[PDB]
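Step one of this worksheet: look at the structure below.
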Amino acid sequence: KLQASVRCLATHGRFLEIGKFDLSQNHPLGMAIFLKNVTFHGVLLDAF
Amino acid sequence: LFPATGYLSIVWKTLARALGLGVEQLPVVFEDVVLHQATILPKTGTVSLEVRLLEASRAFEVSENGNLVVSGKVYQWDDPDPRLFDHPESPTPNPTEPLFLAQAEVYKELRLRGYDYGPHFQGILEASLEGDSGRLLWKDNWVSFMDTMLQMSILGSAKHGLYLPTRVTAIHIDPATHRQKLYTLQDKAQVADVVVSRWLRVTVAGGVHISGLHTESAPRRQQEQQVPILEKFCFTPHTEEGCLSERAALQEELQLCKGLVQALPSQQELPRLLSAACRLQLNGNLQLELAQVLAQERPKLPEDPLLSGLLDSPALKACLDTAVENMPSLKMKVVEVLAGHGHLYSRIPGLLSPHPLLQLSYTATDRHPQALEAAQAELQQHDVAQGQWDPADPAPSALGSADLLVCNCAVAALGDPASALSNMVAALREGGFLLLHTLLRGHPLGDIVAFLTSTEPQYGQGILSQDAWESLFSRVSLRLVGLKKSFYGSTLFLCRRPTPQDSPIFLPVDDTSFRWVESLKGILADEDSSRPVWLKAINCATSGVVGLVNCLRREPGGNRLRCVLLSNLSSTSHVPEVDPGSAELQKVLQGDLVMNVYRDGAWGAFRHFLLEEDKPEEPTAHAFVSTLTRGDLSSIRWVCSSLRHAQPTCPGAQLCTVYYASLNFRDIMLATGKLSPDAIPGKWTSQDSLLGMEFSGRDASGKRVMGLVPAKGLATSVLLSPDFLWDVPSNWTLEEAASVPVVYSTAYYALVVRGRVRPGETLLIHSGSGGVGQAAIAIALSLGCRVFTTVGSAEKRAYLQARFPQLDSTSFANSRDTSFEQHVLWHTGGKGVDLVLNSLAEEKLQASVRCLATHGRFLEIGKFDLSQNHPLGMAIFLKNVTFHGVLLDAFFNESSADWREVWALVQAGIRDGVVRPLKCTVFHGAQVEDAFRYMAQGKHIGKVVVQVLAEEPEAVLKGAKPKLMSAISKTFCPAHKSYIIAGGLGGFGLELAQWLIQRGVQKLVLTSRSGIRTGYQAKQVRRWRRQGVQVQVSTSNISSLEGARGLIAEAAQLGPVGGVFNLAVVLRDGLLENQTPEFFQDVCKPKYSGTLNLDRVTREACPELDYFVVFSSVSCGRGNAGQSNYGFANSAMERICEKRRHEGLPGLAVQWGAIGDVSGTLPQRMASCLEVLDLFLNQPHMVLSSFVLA
Ligand SMILES: NC(=O)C1=CN([C@@H]2O[C@H](COP(=O)(O)OP(=O)(O)OC[C@H]3O[C@@H](n4cnc5c(N)ncnc54)[C@H](OP(=O)(O)O)[C@@H]3O)[C@@H](O)[C@H]2O)C=CC1
Ligand SMILES: NC(=O)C1=CN([C@@H]2O[C@H](COP(=O)(O)OP(=O)(O)OC[C@H]3O[C@@H](n4cnc5c(N)ncnc54)[C@H](OP(=O)(O)O)[C@@H]3O)[C@@H](O)[C@H]2O)C=CC1
C-alpha cells in the first residue's frame, strides 16, 4: 500500500507518512521518485 | 543485444525447474526488475549466463562472467486473477479513425527511430495511430511476445531517439489466461490484442501485464558510420588554359625560381636545385656539377609543386573521367610507362576509387628492373603489376592492347618523341586513349629545365614546343581530344586513337511528344549494324539526352550511342550550327566522344569532382556553441543560430545580447557525453545544442542584465522572457554578474523556500568550494547559522577561510572521504544538523543522512542516486525529517508564479549585499574548447566563464548588436514563410518535412495526387498539426501550368512562398525494347514539365523565394540499365536548375544513390541524407551528388 501511494504523487507533491510500520521495519524507498520534485515527510505528533 | 524479456524467460525457467513445475503451469510475478548492463551477443562464440535464486528473500540474480546484469524479485503467483488482464479503460474512448498502422509502417517508423528488428521480432500486425492499441502475433515464443509489448509501448512515445528498458516495477504472467485470450484470424495465425495505457502506465496483451516500465536513453553512437562520397556535377571545358592561376604558392615559387634564372632559397626541391646550381659558379658552370648535387639525387622533381601542379588540380580528374566514360566495356586496362620516375601510380588509382562499378588492371612499366625497385609495398597495397617495357622498344604483348596510356614525361625521360609515340600507338588498342604530361618548350619553366638537365639528352628531348607536339601527334596519326595547360607551361595532353571511319546515323531528339523513342527503338534493334547513332538536341537547352545516353550505354547496343547537346545558359551567346556541312559537327565526329555538350562558346562534357571537405562558414551576429561529434570536446565549434529570424522588439521575446556566458557541471556532462540531451526537461529539437544556463549582457535597450535560461545560454544572443532577468548594479562588472544567476537562485530555492532555514540553525553544506556551496554558505551566514562545509583539498580550505572569515578552523571536513560524518557528529554533540545540502555520490549520500537531527531536512541537489534509483531506508523518517528533491529546472517548464518568489529573494539579496559574485576565470570565445577542458580538469574554484564580447565603459549603449563572428552555416527557415514540398507524402517527402519543421517552417503545402491514403501519413500530419504547424494537402498537379499556379496561390495564402522542393516521382522501368512513348511522357510529366512550370510560376510571382531544390538520381550521370526515361527526366531537371542559378535565382539538384530507411552502391540512412542535404544547401554549386560505395 505504501509503495502504491507514492506512485500517486504529482510533480511538486508532498507525502505525509503518519503510519509507523514501514518506518520501524526500515523498508527501502526508491529515490527515483524525487526526480519529480517531491517532498517526503515523516510526521510524528509525539515529538511535541 | 540480448532482450530483457530473455532474462525474464531464463529466470522463469529456472524458477520452474526449482519448483518442479513446467513453464506453462507456473504463473509468476516479477518485482523490482533492474538491468545494469546490456550483454552483446557475439557473432561467433557463446555467452554464459548464471541465474541464482533466493527463495527466502524471493530474489533472483543474473550474472555474466561475475558482472551483475539483472537483479530483482520473483515468486510463483499463488492465486491468479483473470480480472488483472481485462483491457484497461482506453485513454481515448473514441479515436474514430478507420486508418491504422500496418506492420510495414510500424517497423519503418521503428527503423527511422533506430530499432532494427528482424522477422522473429516483427509481431505487431497492426496498431492504432496514437499507438495505444493493436494486435500482436503468437509464435509460441515468449521473448518475442514481451519484446513486442515493449515495442508497442515505445511506439507511442513522442521522444525521438533510442530508448532501452532499464527498470520494470511489476510483470505478471498467466499461461492459462494467455491461452484463453488467444484467438485465430482468417489465417491459421494466432493473435492477441494489446492495450497501452500511459495514464496508468500499464501494457496488457493477452496473458501478460507489465506495470511500471522505465526506459533510459542509449548513446545511439554506432562506430564506423557511413561515409558517403560527396561530389559536384559541373561543366568542364574540353580545352582549359591558365589552369593554376588562382593558387598563390605556385606563383611565389615561380617568382623565386625565375628570379634566380636571371643573372644565371626555399624548401621546395626545384628551387634548392637551382640555388645549388648557381652557388658553385656564377659564370661558366659545369654541366656535371649542376646536374649532380646532394639532396637532388632522389626523384624529388615530381614532388616539386610546379612539376606536380596540373596533377593535383582537378584537370587530371577531368581527363581520367573522360577516358573512363568512352569505353565500350565496364573495365579499365591502364598501363603506365616510365612508372619509376613518373610516379603517377600513387595517384591514378586513388582518383578512380569513386566509380562504383569500374574495375581497372593497372600495370607499372619501367625500362630497368632496379628502377622502381623501391616503394614495392606502395604498389602491392594497390592492384598494380610490374613491367619491363622500354619506350623506344616495341611494347611487349603481355601489356597487349590497352584502353589508357599514362606517361608523365615531365619528370621521366623519353628516348625519342616520334619513336616512343609510335611504339605507344602500336601498343594502344583500337579506339584507345593516350595521356601525356609534358612541359612546353619556350615557356619560362621549359627554359629553366632546358638550361638545366642538359647533361642527359634523353630528358632534354622530352621538352618540346607545343606546335612540335601537335604536329607529331598528326605524324603518329593520333587525334587530340583535350588539353590542360598551366599558366606557367605545364601541359597535360590527351589523345585518342582513331577508329575506322563509318557512316553515322543521325536522329533529332528534340520532339516534345517523345515520338523519337519509337524511331530509336527501331534503329538499336538492328544489332547487326555497327554504325554509331548520334543523338543530337539543338532545339532546346533543357534536354535530358545526357542521362538518356548514360543509361542507354548500360543496355545492349549501348556502345553505339553518341550524344550532342546545345545548352547555352546565355541568350546573348550565339548558338552554333550542326548542319552536316558545318565545321563543328565534323570536328566533334572526328572527336568520337560520347558527351559533346556546347555551353557558352566551348565544347565539353559534364564531370564529377569531390567537394571541399571544409565546412562552410559565414559572418553572423547569432552563433551558438555546439559539440559537432558527441563526446569529443575537440569538436566544439561555433554554429549559426536560429535567432537570425528573431526580433528583439517583442516584449515576451526581449532578444538579449550576450557579453559573458558561464559554464556549469551540466554543460561538461553534456559535451563530454556522460549526460544525454533528452535528459534536460523541456521539448527540445533533435538537432540543437543545449549548452549554457546563465549569461550577462545588454538588453535590447542597452541596459545591463543577467539572466537564467533552460538551455542555449552559450551564444551571441539569447531569447529570454523578462521574468528571468535582473539588473547588474552599478558596482558590478559584467564579468562578475554572469556567475550569480544559477548558483544563487538554486541556493535560495533550496534553503529559504524548501528548507525554510531560520536563524541559529546548523547546516552541512557539501562542496563549499563550488558555486552552489559558496552561495549556500553566504546565505547561511547572513541569517547567522553555524555551517559545516566539506572541501576536497587544502587550497580550497584556504580560499574558503579567507573569503568567509566567520568560518572557524572546526567548520571544515573532508568531502572525498566519508569521514565528515564523525566530524559533524562530534562537534554537534551527537545531535546532528538541522539542514543538509547534499550533492555527493551514493555512499556519501548515505553517510549524510546519518547527520540529520530531529526535525531535520535533507536537501538533495544531485542526480546520480536519483537516476539510478538507489534505495533509501525509511527508518530515518521515524525521527521527524523531510527529504526534499530539489530540481530548479521545473521552473522553466511551469510554475512561474512560484518562480517569482525566488526572483524576489535573489533581488533582495542583491539589494542587501548578501549576494556576492564568485571568482571568475575568463576564457575568450575563440577558446571555448580550452574552457571546457579546464573545467573538466577539476581544479577550478568559482565559475569558469566565457567572454563572448568585451564590455564597454558606457553605462547604457544605444546599440548592443553583437559583433560579427565567423561560424559554421546551418539551414534555418523564417517562421512566417511557407514551403511547398511537391510529392511531400512520399517516403522522402515526409522525412524532409519533418526535418524542415525542426528548422521552424510552420507553414507547409504537401502535394500528392491521391492524398492522405496511408496510416503513417495521417499520423505524421496530425502530429505536425498538433505542434502548431499549419500543414495542408493540395492535390494540385504541377505538370499543368494552371495546377502549378493554383498550388502557388494556395501556398501564398498561408504566407509568402519561401521555397519549393520537387520530389514527385512516377517511374516506369524497362529496357528500350519494352519502353514506349507513353511511358516516357508519364515519367517526365512530374519531374521535367513540373520543374518547368514551377520555375515559370516562381519567376513570375515568388519574389522572396530562397530555396528551389530538385531531387535527381544517381541513375542520371552515373548511369543505370533499364531506366533511360528516369535519367532523361532527372537530366532535364538538372538543366533547368543550372539555367536558374546562372540568372541569380536560387537553384539546386541533388543526386542520391539510394535511400534505405524509407547500381553497386548501398542504400543510405535517412539521417546521413539529411546531414548531407544541409551541407549541400549551404554550398554555392548548382548540382551535387551523394552515394555510399559498396
Ligand atoms: N536544483 C538543481 O537541480 C540544481 C542542481 N545543481 C547541482 O548542485 C551541485 C553543485 O554545483 P556547483 O557547486 O555549481 O558545482 P561546481 O562544479 O561549481 O563545484 C563542484 C564542487 O563539488 C566537487 N565536484 C563536483 N563535481 C566534481 C568533479 N567532476 N570532479 C571533482 N570535483 C567535483 C568539487 O570538488 P570538492 O567538493 O572536492 O571541493 C567542488 O567543491 C552540482 O551537482 C549541480 O549539478 C546545481 C544547481 C541546480
Ligand atoms: N532511392 C531513392 O529513394 C531515390 C529517390 N530519388 C528522388 O527522391 C524523390 C522522392 O522519392 P520518394 O518520396 O522516396 O518516393 P515516392 O515514390 O514516394 O515519390 C513520389 C511521391 O510523390 C507523389 N507524387 C507522384 N506523382 C505526383 C504528382 N504528379 N504531383 C505531386 N505529387 C506526386 C507520390 O504520391 P502519389 O502517388 O499519391 O502522387 C509520392 O508521395 C523523388 O523526386 C526521386 O527523384 C532519387 C534518387 C534516389
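Here are the numbers:
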quantity: Filter pass, B:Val914 being surrounded by 16 or more Cβ atoms within 10 Å (Cβ to Cβ) and away from ligand 1 (no atom under 16 Å from the Cβ); calculated: yes
quantity: Single residue of the stretch B:145-192 satisfying the filter (of a type in the set (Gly, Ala, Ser) and surrounded by 21 or more Cβ atoms within 10 Å (Cβ to Cβ)) that is nearest to B:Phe2 (Cα to Cα); calculated: B:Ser153
quantity: Within the stretch B:730-759, tally of residues that are more than 10 Å from ligand 1 (Cβ to nearest atom), surrounded by fewer than 22 Cβ atoms within 10 Å (Cβ to Cβ) and part of a helix (DSSP H, G or I); calculated: 4
quantity: Set B:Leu483, B:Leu492, B:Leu535, B:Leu565: member being under 39 Å from the mean Cα position of the chain (by Cα), aliphatic (A, V, I, L, M), surrounded by 19 or more Cβ atoms within 10 Å (Cβ to Cβ) and under 17 Å from B:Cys1116 (Cβ atoms); calculated: B:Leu565
quantity: Exclusive hit being within 28 Å of B:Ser635 (Cα to Cα) and not charged (D, E, K, R), set B:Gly1000, B:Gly987; calculated: B:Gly1000
quantity: Conditions (1) over 24 Å from B:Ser361 (Cβ atoms); (2) of a type in the set (A, V, I, L, M, F, W, C); (3) in a helix (DSSP H, G or I); number of the one not met by B:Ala410; calculated: (3)
quantity: Members of the stretch B:853-876 found to be of a type in the set (A, V, I, L, M) and not in a loop (DSSP other than H, G, I, E, B), listed by number; calculated: B:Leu859, B:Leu866, B:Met874, B:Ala875, B:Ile876
quantity: Residue match in the stretch B:857-864 (condition: at the interface with chain A (Cβ under 9 Å from one of its Cβ atoms), surrounded by fewer than 21 Cβ atoms within 10 Å (Cβ to Cβ) and under 15 Å from A:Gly42 (Cβ atoms)); calculated: no
quantity: Cβ pairs under 9 Å, 6+ apart, first in the stretch B:1003-1019 and near ligand 2 (Cβ under 10 Å from one of its atoms), second in a strand (DSSP E or B) and of a type in the set (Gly, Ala, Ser); calculated: B:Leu1006/B:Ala982; B:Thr1007/B:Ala982; B:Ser1008/B:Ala982; B:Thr1014/B:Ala102
quantity: Residue check for B:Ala1049: more than 16 Å from ligand 1 (Cβ to nearest atom) and outside any loop (DSSP other than H, G, I, E, B); calculated: yes
quantity: Filter pass, A:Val6 being at the interface with another protein chain (Cβ under 8 Å from one of its Cβ atoms) and hydrophobic (A, V, I, L, M, F, W, C); calculated: no
quantity: Helices (runs of 4 or more DSSP H) completely within the stretch B:1073-1190 that count 1 or more residues being among the small types (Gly, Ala, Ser) and away from ligand 1 (no atom under 16 Å from the Cβ); calculated: B:1090-1101, B:1115-1118, B:1124-1142, B:1166-1177
quantity: Residues (over 30 Å from B:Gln1030 (Cβ atoms), touching a strand residue (DSSP E or B) at 6+ places or on another chain (Cβ under 6 Å) and assigned to a loop (DSSP other than H, G, I, E, B)) located in the stretch B:958-1001; calculated: B:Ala960, B:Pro962, B:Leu964
quantity: Residue match in the stretch B:974-992 (condition: away from ligand 2 (no atom under 14 Å from the Cβ), under 24 Å from the mean Cα position of the chain (by Cα), under 30 Å from B:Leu628 (Cα atoms) and charged (D, E, K, R)); calculated: no
quantity: Among (1) under 35 Å from the mean Cα position of the chain (by Cα); (2) among the charged types (D, E, K, R); (3) surrounded by fewer than 18 Cβ atoms within 10 Å (Cβ to Cβ), the one test that B:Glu577 misses; calculated: (1)
quantity: Number of the exception - B:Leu200 against (1) away from chain A (no Cβ under 14 Å); (2) touching a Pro at 6+ places or on another chain (Cβ under 8 Å); (3) surrounded by fewer than 16 Cβ atoms within 10 Å (Cβ to Cβ); calculated: (1)
quantity: Pick from the stretch B:206-256, criterion basic (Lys, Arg) and not in a strand (DSSP E or B), ranking: surrounded by the fewest Cβ atoms within 10 Å (Cβ to Cβ); calculated: B:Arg221
quantity: Checking B:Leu164 against (1) part of a strand (DSSP E or B); (2) within 14 Å of chain A (Cβ to nearest Cβ), the condition it does not meet; calculated: (2)
quantity: Of all residues in the stretch B:877-891 being in a helix (DSSP H, G or I) and crowded, with 19+ Cβ neighbours inside 10 Å, the one that is nearest to the other protein chains (Cβ to nearest Cβ); calculated: B:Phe877
quantity: Residue selected from the stretch A:22-48 under the condition exposed (fewer than 11 other Cβ atoms within 10 Å of the Cβ) and more than 7 Å from chain B (Cβ to nearest Cβ), by the criterion farthest from the chain's Cα centre (by Cα); calculated: A:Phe48
quantity: Among (1) surrounded by 22 or more Cβ atoms within 10 Å (Cβ to Cβ); (2) within 16 Å of ligand 1 (Cβ to nearest atom); (3) not aliphatic (A, V, I, L, M), the one test that B:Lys1003 misses; calculated: (2)
quantity: Of residues in the stretch B:800-857 being polar (S, T, N, Q) and more than 16 Å from ligand 1 (Cβ to nearest atom), the one nearest to the chain's Cα centre (by Cα); calculated: B:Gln846
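Read-outs throughout are calculated quantities, based only on the coordinates presented, and are distinct from any laboratory measurement. Backbone-built Cβ (ideal geometry, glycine too); neighbour counts: all protein chains shown.
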